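Asks:
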Amino acid sequence: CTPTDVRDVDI
Amino acid sequence: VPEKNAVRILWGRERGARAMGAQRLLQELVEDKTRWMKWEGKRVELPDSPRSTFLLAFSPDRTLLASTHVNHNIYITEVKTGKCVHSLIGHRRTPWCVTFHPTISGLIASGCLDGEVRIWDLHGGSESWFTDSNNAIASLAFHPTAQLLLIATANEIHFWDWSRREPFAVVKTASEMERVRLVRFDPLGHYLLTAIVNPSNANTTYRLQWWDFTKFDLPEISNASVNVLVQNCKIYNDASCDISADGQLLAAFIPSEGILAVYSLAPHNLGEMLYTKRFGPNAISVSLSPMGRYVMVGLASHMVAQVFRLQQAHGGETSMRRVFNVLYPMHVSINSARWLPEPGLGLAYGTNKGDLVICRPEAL
Amino acid sequence: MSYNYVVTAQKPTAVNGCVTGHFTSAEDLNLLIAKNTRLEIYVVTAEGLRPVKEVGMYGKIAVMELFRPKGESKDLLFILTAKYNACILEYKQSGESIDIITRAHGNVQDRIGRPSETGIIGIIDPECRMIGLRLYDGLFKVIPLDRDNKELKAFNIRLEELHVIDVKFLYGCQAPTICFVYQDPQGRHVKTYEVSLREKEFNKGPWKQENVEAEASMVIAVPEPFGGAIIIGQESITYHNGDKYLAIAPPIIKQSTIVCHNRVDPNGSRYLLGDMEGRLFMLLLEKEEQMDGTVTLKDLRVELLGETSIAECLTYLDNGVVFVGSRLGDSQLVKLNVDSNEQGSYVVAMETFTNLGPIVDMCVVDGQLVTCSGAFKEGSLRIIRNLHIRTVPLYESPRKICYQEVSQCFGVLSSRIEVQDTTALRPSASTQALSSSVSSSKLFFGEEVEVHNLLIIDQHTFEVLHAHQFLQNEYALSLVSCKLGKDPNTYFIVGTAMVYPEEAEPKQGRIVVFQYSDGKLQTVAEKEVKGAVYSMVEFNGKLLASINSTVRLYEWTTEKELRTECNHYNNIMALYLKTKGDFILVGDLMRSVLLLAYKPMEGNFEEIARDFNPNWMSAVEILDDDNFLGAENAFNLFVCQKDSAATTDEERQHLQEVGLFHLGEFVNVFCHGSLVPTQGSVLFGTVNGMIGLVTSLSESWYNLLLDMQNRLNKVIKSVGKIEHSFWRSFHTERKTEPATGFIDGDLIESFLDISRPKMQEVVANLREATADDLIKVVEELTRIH
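Chains as they are written, first to last, in the authors' numbering: chain E, 285 to 295; chain B, 4 to 204, 856 to 910, 918 to 962, 973 to 1001, 1008 to 1041; chain A, 1 to 366, 373 to 392, 710 to 744, 749 to 771, 782 to 1013, 1023 to 1112, 1122 to 1140.
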């Protein structure tokens, strides 16, 4: 489940 | 002074004068206008149901808009009307960047978190290339004149060409935790711009160097002391740093509480800090006006963004003031606030719930 | 679903470039003139000028050169189209026939660089080894010449200095070298490089940079026996060559700037200069031998020679005759003798050509045309009857025109420039009248102020009866004459707007009305307003003027008192406005054309449809009821439509573009009429000077003319290998689409010129049609203009 906000997805 | 009144500008145009920047002055006037007007948001009907939007990019001349979504597909709409015309489909997880080709026609690239680059062809056609360790792709950037593509994987740059099936160059970055996150080019294709992680023992920081790519020389990233431009800064995605259309300006989000600054890229004052402002810890995006006189900052947590006009040349907290306040026409956030390429057409911002809207100026 | 027809009635006359040299043969002088898209060739004899050939070109001509490669007798031309084409031509005299052969052709265009705000500059190496092309900012272009570049390859080189004004090639060097004047936020300087055609880089530069004045805009290369360069600026004539520096500051060069130049002697001892007031100047050089060595200049001196028309291309033919081109007036032919006539002049005149110049406004009256022309000291009304052209000279700049059928007089708004210590310079036609009236309305050193006045021109012998000067710093932009409400008397209505030289757009204006009944004209109403009255058009009995991005509809009570009725604040700087009978009107100038409607059941404006994809406009006209006409500043034409559909949210609100074209001119005004089987007739004028005519054919001759237009391109021979499809397709900076709709016009009209044997190559398979049975359809169309 990939988070919907850009500030809490790792990369 | 090369004239300032529109009455004497149209008079000169009618008799074929063409002296000085008449068109530039007219565009500056039309952008100084559309400031006391009102804006209305028109929504876009997408085929499927995307629950979020991440990045936006435009067509190579001016007439198309791309969009990414968590639903693992890319949607392309039309600016003039507002209807989707293509639905790409084909990725396994959410993409991270598009990078429309600037030169030839309808050529669109695409990244992912599994290491795939598609290079779609719109009207049929798709290639593929895979990584070796299932690593993510930070960004890509094309080249205007030559036939070359750069991929921002883990800390390497591959310099791939879309003619054969493999790249032809590899450049390292010494240690392993100094990754690369931004490889955007310049409008004329004469310079590069990288953003790698600054090593430390707190929150991660980045460094933006300004490499030279005039003679197709492979940059050496293994040295962390040559051609530094900004030092500390904070990068999230390709929308966290923008270069003006003329290429004479560059924005940043250096910390220490976050403060905003724009650095000139001219050869004679390359590095000056010029304008500045202090913001809170909720700014996600920054975009510049087509003529480089207005800056819009997207906000996330109602208010959508704020627009400022650069006023004082070389410092002072009084530089640029609030002139605008855009509002959601109703727990919603914003991830992009990019300006439209036309000088004074409108706005376009994404929505955390998966909505794409286009705002246009209207009078009383 | 739209089919139109465009045909040229008068070829362009304004001159934008002229060159001289040996082209026809090795023992004759040739003068070449290209107006916009034409190419006239003359032979200079003792008596005068004799024409020998005039060919047309696909695309406007923007630069012309004339070089001589080693090992040849006659020279070769070089023309580059503003659409970024290239060609090298020659001249062949085959018996009694004269055709132009093409030796090299190609395309040079970069899809990255922006167009600089100086124009396309073309310089050729004096040694005939290189060709320079400054197209985009910061990008140089080099074309090698080794009798092998049959496709004209090129390679771009990077330039650090963005702003560049003028570039020229130096003489007397062992390698190609260039010098130019660049500008930065310190003051303009001059720097020189050295182009290497074997390594593609600027190698050394022969001398160091200098500092020049703040208005230097020209660079002149002196011939071999002297060496160096000459820079001419505002009140500064400089010289730089290695270790040498000579400068002068004459006071007879202050009032006006210098535009053109042309060498006179083959050694460089005599030069010609011009200015945008006339003032044919003359430069002199002094020679002094230094014992056993070369020659070193001693001093420079400039002296007056007289007055001519506004010049844009200067050349010296031979024996003391000088050709003077023009774009704002006529082109003359003067002689320079050694004497001094009365009033102290050295220039006489013996020829005067014809040029319609910039057509600002045009009107149709009975067919006959009355149009404005020219600007500044040269230009006045012209009468194009039916193509005799009558000139009625007036020394001012006309702006608009109108006509009444109850007083047999016109109305013209003019401008006149006079500096203050306010006593003018020359006797104009705005002052030398038999009646005057200063507008009295108590309602509100060394500079050049502009004054506007309205003068009434009787049309029996074109005299000047009355003049009416406006207030201080007040311009006039719109004028109309019509009836109003219920009052049996025709009035004169003029819109105005005060302009201040300092800040932004105006914010005030007036709608003053006039009435020239018995001997003079009075004033009955002013109705001061907030904004600029860019245009105004008579409605069904109400005023309708676009007040600075606001369209108002003014009523008219019993007594003279103008009062508004409606309000449509939606547009941004809507200048042009036209209507056709019903409650139909338009807008422009910051977007495409939109359409509004007036509802008589309740006074209010109802928006119907607005077209997207912004396009800067120059003129708008309504054709029949739905076919709309526009003219972009990018030298293109398009036709809109109401886009019949049924969606109630995306239909009846979008105007579909059902036609695109590339005229190549700058359309300035539209009108209704015909000087002399289609339905309708609309004329137009261009800045370069050209009368066209747009007609409409219903639904069937289109499929017969478009089928002939494709097949006619494979039998005709273009002068520079252009297929007529690249030229005539909607070329903007970003977008590019093929032209659908408008027929080629003059291309079809040219069918009656090819010889009989080539006739049976076209229309071979569509009865089945014959040459005789189809040589009459062209005759039917060759009577519209």
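Heads up, the beta-carbon is just placed ideally off N, CA and C, and yes, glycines get one too.
1) How about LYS141 (chain A) and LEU133 (chain A): do their beta carbons lie closer than 7 Å?
2) So if I threshold CB-CB distances at 7 Å, which residues from the stretch 152 to 167 of chain A count as touching chain B?
3) Is the CB-CB distance between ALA862 (chain A) and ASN885 (chain A) below 7 Å?
4) Determine the contact status of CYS128 (chain A) and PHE169 (chain A), defining contact as a CB-CB distance below 7 Å.
5) In terms of residues, what are the limits of the alpha helix (DSSP H) holding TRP1047 (chain A)?
6) Using only CA atoms, which one of B:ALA1040, B:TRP864 and B:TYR955 lies nearest to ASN881 (chain B)?
7) Rounded C-beta distance between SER1010 (chain B) and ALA961 (chain B)? I'm assuming under 8 Å.
8) Can you tell me whether DSSP reads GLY15 (chain B) as helix, strand or coil?
9) Thinking just about the alpha-carbon of each residue, which of A:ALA946, A:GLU902 and A:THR901 is nearest to the one in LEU922 (chain A)?
10) Do you know whose CA, among A:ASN392, A:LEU752, A:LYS723 and A:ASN355, lies nearest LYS11 (chain A)'s CA?
11) Mark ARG188 (chain A) as exposed unless 16 or more other C-beta atoms lie within 10 angstroms of its C-beta, in which case mark it buried.
12) Take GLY1031 (chain B) as the anchor and find which of B:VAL4, B:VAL47 and B:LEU29 has the nearest alpha-carbon.
13) CA-CA distance, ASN36 (chain A) and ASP99 (chain A)?
14) Is it the case that the stretch 889 to 903 of chain B contacts the stretch 921 to 938 of chain B, given that we only count it when at least three CB pairs across the two stretches are under 8 Å?
15) Would you give the residue range spanned by the alpha helix (DSSP H) that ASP1128 (chain A) belongs to?
16) Please list the partners that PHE57 (chain B) has in chain E, where partner means a Cβ-to-Cβ separation under 7 Å.
17) Can you tell me which residues form a DSSP beta bridge with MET873 (chain A)?
18) Could you give the C-beta distance for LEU736 (chain A) and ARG722 (chain A), rounded to a whole number, given that I count them as a contact under 8 Å?
19) Pull out every residue of the stretch 1081 to 1105 of chain A whose Cβ sits closer than 7 Å to any Cβ of chain B, in chain order.
20) So which residues of chain E does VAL73 (chain B) contact, with C-beta pairs closer than 8 Å?
21) Who are the neighbours of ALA139 (chain B) on chain E, taking C-beta pairs under 7 Å?
22) What residues of chain B sit near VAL360 (chain A), judged by a beta carbon separation below 8 Å?
23) Under 7 Å between the Cβ atoms of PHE965 (chain A) and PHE1088 (chain A)?
24) Report the neighbours of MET23 (chain B) on chain A: residues whose CB is nearer than 7 Å to its CB, in chain order.
25) Quick check on DSSP: helix, strand or coil for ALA104 (chain A)?
26) Pick out whichever of A:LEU770, A:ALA247, A:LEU304 and A:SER94 has its Cα sitting closest to the Cα of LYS864 (chain A).
27) Alpha carbons only, please: which of B:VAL947, B:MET934 and B:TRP1016 is nearest the one belonging to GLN983 (chain B)?
28) Taking beta-carbon pairs under 8 Å, can you tell me which members of the stretch 881 to 893 of chain B lie near chain E?
29) At a Cβ cut of 8 Å, what residues of the stretch 111 to 140 of chain B count as close to chain C, listed as they run along the chain?
30) Please confirm if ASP64 (chain B) has its CB atom under 7 Å from at least one CB of chain A.
31) Could one say the Cβ of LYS83 (chain B) lies closer than 7 Å to chain A's Cβ atoms, at least one of them?
32) So what does DSSP say about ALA9 (chain B), is it helix, strand or coil?
33) What residues in its chain sit with their C-beta under 7 Å from that of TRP1047 (chain A), if we drop five residues either side in the sequence?
34) Give a yes or no on whether the minimum CB-CB distance between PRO147 (chain B) and chain A is below 7 Å.
35) Can you find a C-beta in chain E that's less than 7 Å from the C-beta of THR156 (chain B)?
36) Assuming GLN30 (chain B) is part of the beta strand (DSSP E), what are its boundary residues?
Replies: Quick answer:
1) With respect to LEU133 (chain A), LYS141 (chain A) sits close: the two C-beta atoms are nearer than 7 Å.
2) Residues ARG158 and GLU160.
3) 7 Å or more divides the Cβ of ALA862 (chain A) from the Cβ of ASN885 (chain A).
4) Pairing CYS128 (chain A) with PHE169 (chain A) gives a Cβ-Cβ distance that is not under 7 Å.
5) Unbroken alpha helix (DSSP H) run through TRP1047 (chain A): 1047 to 1057.
6) Selected option, being the one with the closest Cα: B:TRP864.
7) The Cβ separation is near 4 Å, so the contact holds.
8) Correct three-state label for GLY15 (chain B): helix.
9) The residue with the shortest Cα to Cα distance from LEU922 (chain A) is A:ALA946.
10) Looking at the Cα atoms, A:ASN355 is the closest of the given residues.
11) Classification of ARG188 (chain A): buried, given that the 10 Å Cβ count is 16 or more.
12) It is B:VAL47 whose Cα lies nearest to the Cα of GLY1031 (chain B).
13) Their backbone Cα atoms lie some 21 Å apart in a straight line.
14) Yes, since at least three Cβ pairs between the stretch 921 to 938 of chain B and the stretch 889 to 903 of chain B fall closer than 8 Å, the two stretches touch.
15) Segment 1126 to 1129, the alpha helix (DSSP H) holding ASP1128 (chain A).
16) Those are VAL290, listed as they occur along chain E.
17) Note: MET873 (chain A) sits in a beta bridge opposite A:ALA882.
18) About 5 Å separates the CB atoms of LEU736 (chain A) and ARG722 (chain A); that is less than 8 Å, so the two are in contact.
19) Near chain B, meaning a CB-to-CB distance below 7 Å, the residues of the stretch 1081 to 1105 of chain A are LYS1081.
20) Per Cβ cutoff of 8 Å: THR286 and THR288.
21) Ordered by position in chain E, the residues that pass the 7 Å Cβ test against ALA139 (chain B) are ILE295.
22) For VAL360 (chain A), the neighbours in chain B by C-beta distance under 8 Å run, in chain order, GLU17 and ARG18.
23) Their beta carbons are not under 7 Å apart, which means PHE965 (chain A) does not touch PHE1088 (chain A) by this criterion.
24) Within chain A, the residues placing a beta-carbon under 7 Å from that of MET23 (chain B) are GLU117, ordered along the chain.
25) Three-state result, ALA104 (chain A): strand.
26) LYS864 (chain A) has its Cα closest to that of A:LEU770, out of A:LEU770, A:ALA247, A:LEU304 and A:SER94.
27) Of the candidates B:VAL947, B:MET934 and B:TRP1016, the one whose C-alpha sits nearest the C-alpha of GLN983 (chain B) is B:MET934.
28) Under the 8 Å Cβ criterion, the stretch 881 to 893 of chain B contributes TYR890 and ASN891.
29) The question asks about chain C, but that chain is absent: this structure's protein chains are E, B and A.
30) For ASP64 (chain B), the nearest CB of chain A lies under 7 Å from its own CB, placing it at the interface with that chain.
31) Yes, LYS83 (chain B) lies at the interface with chain A (some Cβ there is under 7 Å from its Cβ).
32) DSSP places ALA9 (chain B) in helix when its eight states are reduced to three.
33) So the list is empty, once near-sequence residues are dropped.
34) True, the Cβ-Cβ gap to chain A drops below 7 Å.
35) The beta carbon of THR156 (chain B) does not come within 7 Å of any beta carbon belonging to chain E, so the residue lies off that interface.
36) No beta strand (DSSP E) holds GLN30 (chain B); the alpha helix (DSSP H) holding it covers 25 to 35.
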